[PDB]
Ligand SMILES: CCCCCCCC/C=C\CCCCCCCC(=O)O[C@@H](COC(=O)CCCCCCCCCCCCCCC)COP(=O)([O-])OCC[N+](C)(C)C
Ligand SMILES: CCCCCCCC/C=C\CCCCCCCC(=O)O[C@@H](COC(=O)CCCCCCCCCCCCCCC)COP(=O)([O-])OCC[N+](C)(C)C
Ligand SMILES: CC(C)CCC[C@@H](C)[C@H]1CC[C@H]2[C@@H]3CC=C4C[C@@H](O)CC[C@]4(C)[C@H]3CC[C@]12C
Ligand SMILES: CC(C)CCC[C@@H](C)[C@H]1CC[C@H]2[C@@H]3CC=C4C[C@@H](O)CC[C@]4(C)[C@H]3CC[C@]12C
């Protein structure tokens, strides 16, 4: 397990990515993976069970949790990571397939494929950031949430678990996503400039 | 325990009360006493314990009960009965004292005392009916009560016990009080007419 092997694996051996997409994007991806691993089960592990309301009606806790957390932050970030990494995996499979098909018996199509992949990665990053903004306005979470949904009578006080730790990790993940967006835009601009 | 003794005890031997205050008012008083006895502990016995709210906060049941029942119907009717019967007791003691003081050694003063007593009885009846109207508007009680008072968070659903039975007994007691008011007014008018 040497450094050259890991660097080649993360690069995708597409021979078209510059330093800002081969040395920096991979590092940010590793950072996001590590943060998600260290915060997936320790922080968001008991988001459902430790979440309690101040009522006595059965079934109000579950409906309140589903009302205020349509999809938890960790799962949303996992989906974002998978969809962002999908175009890179597609480009890696494309270049491997091209090497295989030329082995049994080209630059422009690979360049266009890489550019389209970076554009789609940027689009997925922006879409997931916008979805996060829609579902959870603001970067901070509150301890008290007032819920008025059936079967809870009138308005009940539900209490979120670890709002501050989740706020810290939300800040970290949003900063990483913003850095990824900036790097992808810079990579697209640099490729366009070098093409012309 | 003959009928003449009970009739003399209820009349007050004031020799100034007509049939509508010596035959009918005493019967209505007995009716109210009997209804209050048969409804004081059986119906309103568990008004506090069977009264529960739909919250989990400690101490919300007591504050909600005190908010919606400042003074229970049975205690209010008991106070009304005591204060209504006080002037009759005063007149009975006055006539007994007059007999005693004339025994050891007058009509106009006794007549005026009886008239003032009937006026005060009517005033107490009206005052207690108005207080009942102020505290509990309407003759009917509802199962659900929405309470928003500290420490209960937001608005909680409290459930009264036996609203329909309490409504029935409220109707009975209010009808008896109205009959008492009408009889007292008739007695005052009859005495004034006979005086002139
Ligand atoms: C996302 C979560 C991250 C967590 C934090 C991780 C922190 C860091 C943790 C771990 C990082 C790796 C630590 C061990 C590195 C040893 C490298 C080594 O000796 O290489 C040598 C041997 O290499 C081999 O032949 C294979 C060695 C396998 C290493 C482990 C593989 C994955 C383990 C999965 C574990 C799963 C469970 C993990 C926990 C869930 C290189 O080979 P060589 O023969 O020397 O090369 C030719 C010789 N010549 C050069 C002289 C010509
Ligand atoms: C608000 C609650 C209401 C409840 C519903 C009530 C429903 C009805 C219930 C009860 C009503 C009364 C029933 C018994 C009546 C007997 C009368 C009798 O025999 O009289 C005779 C005897 O009389 C006496 O010498 C005294 C008799 C006492 C009767 C009971 C007194 C109170 C009891 C309290 C109990 C406490 C516990 C009660 C429950 C808590 C009359 O005397 P005499 O010597 O014949 O006279 C002279 C003779 N000569 C005429 C021939 C010349
Ligand atoms: C420029 C940056 C974004 C490049 C990042 C490369 C990512 C997308 C690539 C590099 C190595 C890849 C992994 C290599 C091998 C496997 C094992 C397979 O059974 C499941 C997929 C999985 C786990 C791949 C997922 C995608 C992956 C992590
Ligand atoms: C015309 C109507 C209103 C007359 C009603 C008469 C009422 C006011 C009188 C008649 C007999 C009275 C009772 C006779 C004896 C006693 C025992 C005494 O230790 C306490 C008061 C008490 C219990 C009296 C309360 C008042 C009383 C009930």
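Each value in this text was obtained by applying a stated rule to the coordinates, not by laboratory testing. No Cβ is skipped: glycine too gets one built from the backbone with ideal geometry, and neighbour counts run over all protein chains shown.
Divide by every residue of chain A the summed helix terms, -39500 (n - 2.57) for each DSSP H run of at least 4, and state the resulting mean residue ellipticity at 222 nm, rounded to the nearest 500 deg cm²/dmol. Write down the numbers at each step before the final one.
Values: 7 runs with 131 residues, N = 196.
It lands at -23000 deg cm²/dmol.
Got the relative contact order for the stretch A:114-196 handy, in percent, Cα pairs under 8 Å and 6 or more residues apart? Value for the stretch A:114-196: 37 percent. In nanometres and ascending order, the distances from the residue A:190 label point to those of the other copies are 11.2 (point 7 Å from Cα along Cα→Cβ). Using a label point 7 Å beyond Cα on the Cα-Cβ vector, give me the inter-copy distances for residue A:110 in nanometres, one decimal, shortest first. Label-point distances to the other copies, shortest first: 13.0 nm. A point 7 Å from Cα along Cα→Cβ stands in for residue A:174, and the other copies hold the same point at 5.8 nm, listed in rising order. Rounded to 0.05, the FRET efficiency of the residue A:13 and residue A:83 pair, given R0 = 22 Å and the Cβ-Cβ distance, is 0.50. Applying 1/(1 + (r/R0)^6) with r as the Cβ-Cβ distance of residue B:99 and residue B:155 and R0 = 51 angstrom yields a FRET efficiency of 0.25.
I'd like the projected area of the protein assembly as shown, averaged over all directions, using the convex hull of its alpha carbons. Report it in nm² with one decimal.
On the way: hull surface 142.5 nm².
In nm², the orientation-averaged hull projection of the protein assembly as shown is 35.6.
Here r is the Cβ-Cβ distance between residue B:110 and residue B:140 and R0 is 41 Å; the resulting FRET efficiency, rounded to 0.05, is 0.40.
Mean separation of Cα pairs under 8 Å and 6+ residues apart, divided by the residue count of the stretch A:1-94: what relative contact order is that in percent? Kindly include the intermediate steps, with their values, before the conclusion.
Numbers: 25 pairs, mean separation 36.2, N = 94.
Averaging sequence separation for qualifying contacts and normalising by length gives 39 percent for the stretch A:1-94.
Using every pair of separate Cα atoms, the Kirkwood estimate puts the hydrodynamic radius of the stretch A:17-166 at 18.6 angstrom.
Calculate the length of the line joining the C-alpha centroid of the stretch B:45-100 to that of the stretch A:1-34, in whole Å. When both Cα centres are located, 83 Å separates them.
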